[PDB]
>>> print(open('structure.tsv').read())   # TSV, N, CA and C atoms
chain	number	residue	atom	x	y	z
A	1	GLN	N	0.83	-1.20	0.00
A	1	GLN	CA	0.00	0.00	0.00
A	1	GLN	C	0.86	1.26	0.00
A	2	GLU	N	1.91	1.25	-0.82
A	2	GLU	CA	2.81	2.39	-0.92
A	2	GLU	C	2.69	3.08	-2.27
A	3	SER	N	2.96	4.38	-2.30
A	3	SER	CA	2.87	5.15	-3.53
A	3	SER	C	3.92	6.26	-3.55
A	4	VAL	N	4.86	6.15	-4.49
A	4	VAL	CA	5.92	7.14	-4.62
A	4	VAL	C	5.84	7.86	-5.97
A	5	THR	N	5.05	8.93	-6.02
A	5	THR	CA	4.89	9.70	-7.24
A	5	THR	C	5.88	10.85	-7.30
A	6	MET	N	7.12	10.54	-7.67
A	6	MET	CA	8.16	11.56	-7.77
A	6	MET	C	8.42	11.93	-9.22
A	7	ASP	N	8.48	13.23	-9.49
A	7	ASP	CA	8.72	13.72	-10.84
A	7	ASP	C	9.83	14.76	-10.85
A	8	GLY	N	10.65	14.74	-11.91
A	8	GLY	CA	11.74	15.69	-12.02
A	8	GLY	C	11.28	17.06	-12.46
A	9	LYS	N	12.22	18.00	-12.54
A	9	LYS	CA	11.91	19.36	-12.95
A	9	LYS	C	13.00	19.92	-13.86
A	10	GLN	N	12.62	20.27	-15.09
A	10	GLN	CA	13.57	20.81	-16.05
A	10	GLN	C	13.11	22.18	-16.56
A	11	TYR	N	14.07	23.01	-16.95
A	11	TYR	CA	13.76	24.34	-17.45
A	11	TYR	C	14.03	24.44	-18.95
A	12	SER	N	13.21	25.22	-19.64
A	12	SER	CA	13.36	25.40	-21.08
A	12	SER	C	12.69	26.69	-21.55
A	13	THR	N	13.04	27.13	-22.75
A	13	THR	CA	12.48	28.35	-23.31
A	13	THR	C	11.41	28.04	-24.35
A	14	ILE	N	10.35	28.85	-24.37
A	14	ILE	CA	9.27	28.65	-25.32
A	14	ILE	C	8.27	29.81	-25.26
A	15	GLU	N	7.65	30.11	-26.39
A	15	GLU	CA	6.67	31.19	-26.46
A	15	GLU	C	5.39	30.82	-25.74
A	16	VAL	N	4.97	31.66	-24.80
A	16	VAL	CA	3.76	31.42	-24.03
A	16	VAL	C	3.09	32.73	-23.62
A	17	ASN	N	1.88	32.63	-23.10
A	17	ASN	CA	1.14	33.81	-22.66
A	17	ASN	C	0.87	34.75	-23.84
A	18	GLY	N	0.41	34.17	-24.95
A	18	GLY	CA	0.12	34.97	-26.13
A	18	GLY	C	1.37	35.56	-26.75
A	19	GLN	N	2.50	34.90	-26.55
A	19	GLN	CA	3.77	35.37	-27.09
A	19	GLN	C	3.96	34.89	-28.53
A	20	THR	N	4.28	35.82	-29.42
A	20	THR	CA	4.49	35.50	-30.83
A	20	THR	C	5.83	36.03	-31.32
A	21	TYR	N	6.50	35.23	-32.14
A	21	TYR	CA	7.80	35.62	-32.69
A	21	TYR	C	7.94	35.17	-34.14
A	22	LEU	N	8.39	36.08	-34.99
A	22	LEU	CA	8.57	35.79	-36.41
A	22	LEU	C	10.03	35.96	-36.82
A	23	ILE	N	10.59	34.93	-37.45
A	23	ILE	CA	11.97	34.98	-37.90
A	23	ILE	C	12.13	34.29	-39.25
A	24	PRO	N	11.77	35.01	-40.32
A	24	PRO	CA	11.86	34.50	-41.69
A	24	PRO	C	13.31	34.35	-42.16
A	25	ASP	N	13.64	33.17	-42.67
A	25	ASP	CA	14.99	32.90	-43.16
A	25	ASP	C	14.96	32.04	-44.41
A	26	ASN	N	15.45	32.58	-45.52
A	26	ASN	CA	15.47	31.86	-46.78
A	26	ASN	C	16.86	31.31	-47.07
A	27	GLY	N	17.87	32.16	-46.94
A	27	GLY	CA	19.24	31.74	-47.19
A	27	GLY	C	19.51	31.49	-48.66
A	28	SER	N	19.39	32.54	-49.47
A	28	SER	CA	19.62	32.42	-50.90
A	28	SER	C	18.71	31.36	-51.52
A	29	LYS	N	17.48	31.30	-51.03
A	29	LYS	CA	16.51	30.33	-51.53
A	29	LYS	C	16.09	30.67	-52.96
A	30	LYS	N	15.40	31.79	-53.12
A	30	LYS	CA	14.94	32.23	-54.43
A	30	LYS	C	15.06	33.74	-54.57
A	31	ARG	N	15.79	34.19	-55.58
A	31	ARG	CA	15.98	35.62	-55.82
A	31	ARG	C	15.42	36.02	-57.18
A	32	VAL	N	15.61	35.15	-58.17
A	32	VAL	CA	15.12	35.41	-59.52
A	32	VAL	C	14.43	34.18	-60.10
A	33	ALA	N	13.75	34.37	-61.22
A	33	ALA	CA	13.05	33.28	-61.88
A	33	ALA	C	12.99	33.49	-63.39
A	34	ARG	N	13.39	32.47	-64.15
A	34	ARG	CA	13.39	32.55	-65.60
A	34	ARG	C	13.79	31.21	-66.22
A	35	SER	N	12.81	30.53	-66.81
A	35	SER	CA	13.06	29.23	-67.44
A	35	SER	C	11.81	28.74	-68.17
A	36	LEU	N	11.79	28.96	-69.48
A	36	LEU	CA	10.66	28.54	-70.31
A	36	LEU	C	11.07	28.40	-71.77
A	37	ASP	N	10.85	27.21	-72.33
A	37	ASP	CA	11.19	26.95	-73.72
A	37	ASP	C	9.96	26.54	-74.52
A	38	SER	N	9.16	27.53	-74.91
A	38	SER	CA	7.95	27.27	-75.68
A	38	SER	C	8.08	27.80	-77.10
A	39	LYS	N	8.38	26.91	-78.04
A	39	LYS	CA	8.54	27.29	-79.44
A	39	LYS	C	7.39	26.74	-80.28
A	40	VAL	N	6.82	25.63	-79.83
A	40	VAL	CA	5.71	25.00	-80.54
A	40	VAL	C	6.12	24.57	-81.95
A	41	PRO	N	6.92	23.50	-82.02
A	41	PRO	CA	7.41	22.96	-83.30
A	41	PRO	C	6.29	22.32	-84.12
A	42	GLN	N	5.55	23.14	-84.85
A	42	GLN	CA	4.45	22.65	-85.67
A	42	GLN	C	4.35	23.44	-86.97
A	43	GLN	N	4.59	22.76	-88.09
A	43	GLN	CA	4.53	23.40	-89.40
A	43	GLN	C	3.77	22.53	-90.40
A	44	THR	N	2.91	23.16	-91.20
A	44	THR	CA	2.12	22.45	-92.19
A	44	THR	C	2.72	22.61	-93.58
A	45	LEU	N	3.31	21.54	-94.10
A	45	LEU	CA	3.91	21.57	-95.43
A	45	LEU	C	2.90	21.18	-96.50
A	46	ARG	N	2.51	19.91	-96.50
A	46	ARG	CA	1.54	19.41	-97.48
A	46	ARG	C	1.13	17.98	-97.15
A	47	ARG	N	-0.04	17.58	-97.63
A	47	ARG	CA	-0.55	16.23	-97.39
A	47	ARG	C	0.08	15.24	-98.36
A	48	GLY	N	-0.36	15.28	-99.61
A	48	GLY	CA	0.17	14.37	-100.61
A	48	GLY	C	-0.74	13.19	-100.87
A	49	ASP	N	-1.58	13.29	-101.89
A	49	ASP	CA	-2.51	12.22	-102.24
A	49	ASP	C	-2.46	11.93	-103.73
A	50	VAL	N	-2.19	10.67	-104.08
A	50	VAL	CA	-2.11	10.26	-105.47
A	50	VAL	C	-2.86	8.95	-105.70
A	51	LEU	N	-3.47	8.81	-106.87
A	51	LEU	CA	-4.21	7.61	-107.21
A	51	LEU	C	-3.56	6.87	-108.37
A	52	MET	N	-3.52	7.52	-109.53
A	52	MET	CA	-2.92	6.92	-110.72
A	52	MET	C	-3.55	5.57	-111.03
A	53	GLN	N	-4.83	5.44	-110.73
A	53	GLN	CA	-5.55	4.20	-110.98
A	53	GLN	C	-6.76	4.43	-111.88
A	54	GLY	N	-6.67	3.95	-113.12
A	54	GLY	CA	-7.76	4.13	-114.06
A	54	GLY	C	-7.30	4.08	-115.50
A	55	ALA	N	-7.17	5.25	-116.12
A	55	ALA	CA	-6.73	5.33	-117.50
A	55	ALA	C	-7.70	4.60	-118.43
A	56	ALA	N	-8.99	4.70	-118.13
A	56	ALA	CA	-10.01	4.04	-118.94
A	56	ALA	C	-11.41	4.36	-118.41
A	57	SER	N	-12.42	4.08	-119.23
A	57	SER	CA	-13.80	4.35	-118.85
A	57	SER	C	-14.73	3.26	-119.39
A	58	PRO	N	-15.92	3.15	-118.80
A	58	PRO	CA	-16.92	2.16	-119.20
A	58	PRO	C	-17.52	2.47	-120.57
A	59	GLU	N	-18.46	1.62	-121.01
A	59	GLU	CA	-19.10	1.81	-122.30
A	59	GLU	C	-20.25	0.81	-122.48
A	60	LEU	N	-21.22	1.17	-123.31
A	60	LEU	CA	-22.36	0.31	-123.57
A	60	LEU	C	-23.16	0.82	-124.77
A	61	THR	N	-23.11	0.08	-125.87
A	61	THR	CA	-23.83	0.45	-127.08
A	61	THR	C	-24.60	-0.74	-127.65
A	62	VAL	N	-25.91	-0.56	-127.81
A	62	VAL	CA	-26.76	-1.62	-128.35
A	62	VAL	C	-28.11	-1.07	-128.79
A	63	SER	N	-28.64	-1.62	-129.87
A	63	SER	CA	-29.93	-1.18	-130.41
A	63	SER	C	-30.45	-2.16	-131.45
A	64	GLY	N	-31.66	-2.67	-131.23
A	64	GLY	CA	-32.25	-3.61	-132.15
A	64	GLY	C	-33.77	-3.58	-132.13
A	65	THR	N	-34.36	-4.46	-131.33
A	65	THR	CA	-35.82	-4.53	-131.21
A	65	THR	C	-36.23	-5.21	-129.92
A	66	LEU	N	-37.52	-5.11	-129.59
A	66	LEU	CA	-38.05	-5.72	-128.38
A	66	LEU	C	-39.51	-6.12	-128.56
A	67	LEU	N	-39.78	-7.41	-128.48
A	67	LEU	CA	-41.14	-7.92	-128.63
A	67	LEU	C	-41.88	-7.90	-127.30
A	68	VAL	N	-42.74	-6.90	-127.12
A	68	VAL	CA	-43.51	-6.77	-125.89
A	68	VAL	C	-44.93	-7.29	-126.07
A	69	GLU	N	-45.35	-8.19	-125.19
A	69	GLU	CA	-46.69	-8.76	-125.26
A	69	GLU	C	-47.74	-7.76	-124.80
A	70	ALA	N	-48.25	-6.97	-125.74
A	70	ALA	CA	-49.26	-5.97	-125.43
A	70	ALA	C	-49.85	-5.37	-126.71
A	71	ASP	N	-50.92	-4.60	-126.56
A	71	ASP	CA	-51.58	-3.97	-127.70
A	71	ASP	C	-50.87	-2.67	-128.08
A	72	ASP	N	-51.35	-2.04	-129.15
A	72	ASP	CA	-50.77	-0.79	-129.62
A	72	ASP	C	-50.77	0.26	-128.51
A	73	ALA	N	-51.88	0.35	-127.79
A	73	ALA	CA	-52.01	1.31	-126.71
A	73	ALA	C	-50.84	1.20	-125.73
A	74	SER	N	-50.36	-0.02	-125.53
A	74	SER	CA	-49.25	-0.27	-124.62
A	74	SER	C	-47.91	0.02	-125.31
A	75	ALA	N	-47.83	-0.33	-126.59
A	75	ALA	CA	-46.61	-0.11	-127.36
A	75	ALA	C	-46.18	1.36	-127.29
A	76	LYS	N	-47.02	2.24	-127.81
A	76	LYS	CA	-46.73	3.67	-127.81
A	76	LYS	C	-46.37	4.15	-126.40
A	77	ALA	N	-47.01	3.56	-125.40
A	77	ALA	CA	-46.76	3.93	-124.01
A	77	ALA	C	-45.33	3.57	-123.60
A	78	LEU	N	-44.82	2.47	-124.14
A	78	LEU	CA	-43.47	2.02	-123.83
A	78	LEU	C	-42.45	2.72	-124.72
A	79	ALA	N	-42.84	3.01	-125.95
A	79	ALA	CA	-41.96	3.68	-126.90
A	79	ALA	C	-41.64	5.10	-126.44
A	80	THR	N	-42.59	5.72	-125.73
A	80	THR	CA	-42.41	7.07	-125.24
A	80	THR	C	-41.68	7.08	-123.90
A	81	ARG	N	-41.99	6.10	-123.06
A	81	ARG	CA	-41.36	5.99	-121.74
A	81	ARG	C	-39.94	5.47	-121.86
A	82	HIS	N	-39.79	4.26	-122.41
A	82	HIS	CA	-38.48	3.65	-122.58
A	82	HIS	C	-37.72	4.30	-123.73
A	83	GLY	N	-38.46	4.93	-124.64
A	83	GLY	CA	-37.84	5.59	-125.77
A	83	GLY	C	-37.80	4.71	-127.00
A	84	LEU	N	-38.63	3.67	-127.01
A	84	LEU	CA	-38.69	2.74	-128.14
A	84	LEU	C	-39.56	3.30	-129.26
A	85	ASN	N	-39.86	2.46	-130.24
A	85	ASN	CA	-40.69	2.86	-131.37
A	85	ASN	C	-41.58	1.71	-131.83
A	86	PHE	N	-42.88	1.84	-131.58
A	86	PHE	CA	-43.84	0.82	-131.97
A	86	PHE	C	-43.95	0.72	-133.48
A	87	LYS	N	-43.53	-0.42	-134.03
A	87	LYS	CA	-43.58	-0.65	-135.47
A	87	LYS	C	-44.80	-1.48	-135.85
A	88	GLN	N	-44.84	-2.72	-135.38
A	88	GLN	CA	-45.95	-3.61	-135.67
A	88	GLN	C	-45.99	-4.78	-134.68
A	89	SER	N	-46.97	-5.65	-134.84
A	89	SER	CA	-47.12	-6.80	-133.96
A	89	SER	C	-47.02	-8.11	-134.75
A	90	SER	N	-46.78	-9.20	-134.03
A	90	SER	CA	-46.66	-10.51	-134.67
A	90	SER	C	-47.76	-11.45	-134.20
A	91	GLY	N	-48.91	-10.88	-133.84
A	91	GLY	CA	-50.03	-11.68	-133.38
A	91	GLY	C	-50.28	-11.52	-131.90
A	92	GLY	N	-49.20	-11.52	-131.12
A	92	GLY	CA	-49.33	-11.38	-129.68
A	92	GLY	C	-48.15	-10.65	-129.06
A	93	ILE	N	-47.36	-9.99	-129.89
A	93	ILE	CA	-46.20	-9.26	-129.42
A	93	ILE	C	-45.86	-8.10	-130.35
A	94	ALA	N	-45.62	-6.93	-129.77
A	94	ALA	CA	-45.28	-5.75	-130.55
A	94	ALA	C	-43.77	-5.52	-130.58
A	95	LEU	N	-43.19	-5.59	-131.78
A	95	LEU	CA	-41.76	-5.39	-131.94
A	95	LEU	C	-41.41	-3.91	-131.98
A	96	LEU	N	-41.00	-3.37	-130.84
A	96	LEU	CA	-40.64	-1.96	-130.74
A	96	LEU	C	-39.16	-1.76	-131.05
A	97	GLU	N	-38.82	-0.57	-131.56
A	97	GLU	CA	-37.44	-0.25	-131.89
A	97	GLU	C	-36.82	0.68	-130.85
A	98	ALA	N	-35.86	0.16	-130.10
A	98	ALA	CA	-35.19	0.95	-129.07
A	98	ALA	C	-34.16	1.89	-129.68
A	99	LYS	N	-34.04	3.08	-129.09
A	99	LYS	CA	-33.09	4.08	-129.58
A	99	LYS	C	-31.65	3.59	-129.40
A	100	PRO	N	-30.72	4.21	-130.14
A	100	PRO	CA	-29.30	3.86	-130.08
A	100	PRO	C	-28.66	4.28	-128.76
A	101	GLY	N	-28.19	3.29	-128.00
A	101	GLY	CA	-27.56	3.58	-126.73
A	101	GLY	C	-28.35	3.03	-125.56
A	102	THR	N	-29.62	2.73	-125.79
A	102	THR	CA	-30.49	2.20	-124.75
A	102	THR	C	-30.31	0.69	-124.59
A	103	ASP	N	-30.33	0.23	-123.35
A	103	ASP	CA	-30.17	-1.20	-123.07
A	103	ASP	C	-31.51	-1.92	-123.14
A	104	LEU	N	-31.98	-2.16	-124.36
A	104	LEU	CA	-33.25	-2.85	-124.57
A	104	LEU	C	-33.28	-4.18	-123.84
A	105	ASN	N	-32.11	-4.82	-123.73
A	105	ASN	CA	-32.00	-6.11	-123.06
A	105	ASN	C	-32.36	-5.98	-121.58
A	106	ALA	N	-32.00	-4.84	-120.99
A	106	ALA	CA	-32.29	-4.59	-119.58
A	106	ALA	C	-33.76	-4.26	-119.37
A	107	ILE	N	-34.39	-3.69	-120.39
A	107	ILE	CA	-35.80	-3.32	-120.31
A	107	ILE	C	-36.67	-4.56	-120.14
A	108	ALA	N	-36.38	-5.60	-120.92
A	108	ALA	CA	-37.14	-6.84	-120.85
A	108	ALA	C	-37.10	-7.44	-119.45
A	109	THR	N	-36.06	-7.10	-118.70
A	109	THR	CA	-35.90	-7.60	-117.34
A	109	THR	C	-36.91	-6.95	-116.39
A	110	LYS	N	-37.36	-5.76	-116.75
A	110	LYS	CA	-38.33	-5.03	-115.94
A	110	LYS	C	-39.75	-5.49	-116.24
A	111	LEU	N	-39.97	-5.95	-117.47
A	111	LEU	CA	-41.28	-6.43	-117.89
A	111	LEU	C	-41.53	-7.84	-117.39
A	112	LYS	N	-40.70	-8.78	-117.83
A	112	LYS	CA	-40.82	-10.17	-117.42
A	112	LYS	C	-40.80	-10.30	-115.90
A	113	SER	N	-40.17	-9.34	-115.24
A	113	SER	CA	-40.08	-9.35	-113.78
A	113	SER	C	-41.47	-9.38	-113.15
A	114	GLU	N	-42.45	-8.83	-113.86
A	114	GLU	CA	-43.82	-8.79	-113.37
A	114	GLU	C	-44.63	-9.96	-113.92
A	115	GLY	N	-44.20	-10.48	-115.07
A	115	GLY	CA	-44.90	-11.60	-115.68
A	115	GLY	C	-45.28	-11.32	-117.12
A	116	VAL	N	-44.46	-10.55	-117.82
A	116	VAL	CA	-44.71	-10.21	-119.21
A	116	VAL	C	-43.79	-10.98	-120.15
A	117	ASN	N	-44.37	-11.79	-121.02
A	117	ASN	CA	-43.60	-12.58	-121.97
A	117	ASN	C	-43.10	-11.72	-123.12
A	118	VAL	N	-41.80	-11.47	-123.15
A	118	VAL	CA	-41.20	-10.66	-124.20
A	118	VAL	C	-39.96	-11.34	-124.79
A	119	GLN	N	-39.53	-10.87	-125.95
A	119	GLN	CA	-38.36	-11.43	-126.61
A	119	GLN	C	-37.44	-10.33	-127.13
A	120	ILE	N	-36.15	-10.45	-126.83
A	120	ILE	CA	-35.17	-9.46	-127.27
A	120	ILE	C	-34.70	-9.75	-128.69
A	121	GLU	N	-35.22	-8.98	-129.64
A	121	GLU	CA	-34.85	-9.15	-131.05
A	121	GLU	C	-33.85	-8.08	-131.48
A	122	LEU	N	-33.24	-8.28	-132.64
A	122	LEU	CA	-32.26	-7.34	-133.17
A	122	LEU	C	-32.68	-6.83	-134.54
A	123	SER	N	-32.04	-5.76	-134.99
A	123	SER	CA	-32.35	-5.18	-136.30
A	123	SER	C	-31.11	-5.17	-137.19
A	124	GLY	N	-30.45	-6.32	-137.29
A	124	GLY	CA	-29.26	-6.43	-138.11
A	124	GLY	C	-28.16	-7.22	-137.44
A	125	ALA	N	-28.53	-8.34	-136.83
A	125	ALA	CA	-27.57	-9.19	-136.14
A	125	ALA	C	-27.48	-10.56	-136.80
A	126	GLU	N	-28.62	-11.05	-137.30
A	126	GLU	CA	-28.67	-12.35	-137.95
A	126	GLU	C	-28.42	-12.22	-139.45
A	127	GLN	N	-28.17	-13.34	-140.11
A	127	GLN	CA	-27.91	-13.35	-141.54
A	127	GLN	C	-29.19	-13.63	-142.32
A	128	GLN	N	-29.20	-13.22	-143.59
A	128	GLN	CA	-30.36	-13.42	-144.44
A	128	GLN	C	-30.21	-14.68	-145.29
A	129	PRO	N	-31.34	-15.20	-145.79
A	129	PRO	CA	-31.35	-16.41	-146.62
A	129	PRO	C	-30.73	-16.17	-148.00
A	130	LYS	N	-30.88	-17.15	-148.88
A	130	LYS	CA	-30.34	-17.05	-150.23
A	130	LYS	C	-30.75	-15.74	-150.89
>>> encode(input="structure.tsv", output="structure tokens")
Amino acid sequence: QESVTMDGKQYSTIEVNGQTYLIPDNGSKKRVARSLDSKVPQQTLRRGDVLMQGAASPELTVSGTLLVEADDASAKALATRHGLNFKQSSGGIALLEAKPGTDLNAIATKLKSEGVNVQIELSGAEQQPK
């Protein structure tokens, strides 16, 4: 049941009682400032685009006749639209004359596509008899 609470005593200096002290010291820290290398190395010379691919063009020349299964009323209607020329019929087909440069062969593809029986004829492709 013993208790020996002994403590030492030392002296020291320190700011107290609302005591304030300022002592700024740099020691040749910073006196001047200068260091920047901004040149922005960017120059636009040219792109450069070349093809050199071609040296030619398409082509398509054809003209003969087209047997369309329809009456005169239909012939003239096609001759004006497609640019053909209603000449005559062969009983159940009107042989129209397509203009020079028109793909009469392609036209028949638009007709038969719906269900029209037609025949691609020519006006000087086959040979004549004796």
>>> residues_around(input="structure.tsv", residues="region 57-61 of chain A", least_positions_apart="4", cutoff="6.5 Å", atoms="all atoms listed in the file", output="PyMOL selection string")
chain A and resi 100-102
>>> atom_distance(input="structure.tsv", atom1="atom C of residue 84 (chain A)", atom2="atom C of residue 129 (chain A)")
28.4 Å
>>> residues_around(input="structure.tsv", residues="residue 80 (chain A)", least_positions_apart="6", cutoff="12 Å", atoms="only C-alpha atoms", output="number ranges by chain")
A: 73-74, 86, 96-99
>>> atom_distance(input="structure.tsv", atom1="atom C of residue 125 (chain A)", atom2="atom C of residue 66 (chain A)")
15.2 Å
>>> select_by_dssp(input="structure.tsv", residues="chain A", states="strand (DSSP E)", output="PyMOL selection string")
chain A and resi 65-68+86-89+94-96+118-121
>>> atom_distance(input="structure.tsv", atom1="CA of residue 123 (chain A)", atom2="atom C of residue 64 (chain A)")
4.7 Å
>>> closest_residue(input="structure.tsv", among="A:106, A:6, A:116, A:40", to="residue 62 (chain A)", atoms="only C-alpha atoms")
A:106
>>> residues_near_point(input="structure.tsv", point="(-49.0, -1.0, -129.9)", cutoff="7 Å", atoms="all atoms listed in the file", output="ChimeraX atom specification")
/A:70-77,86-88,94
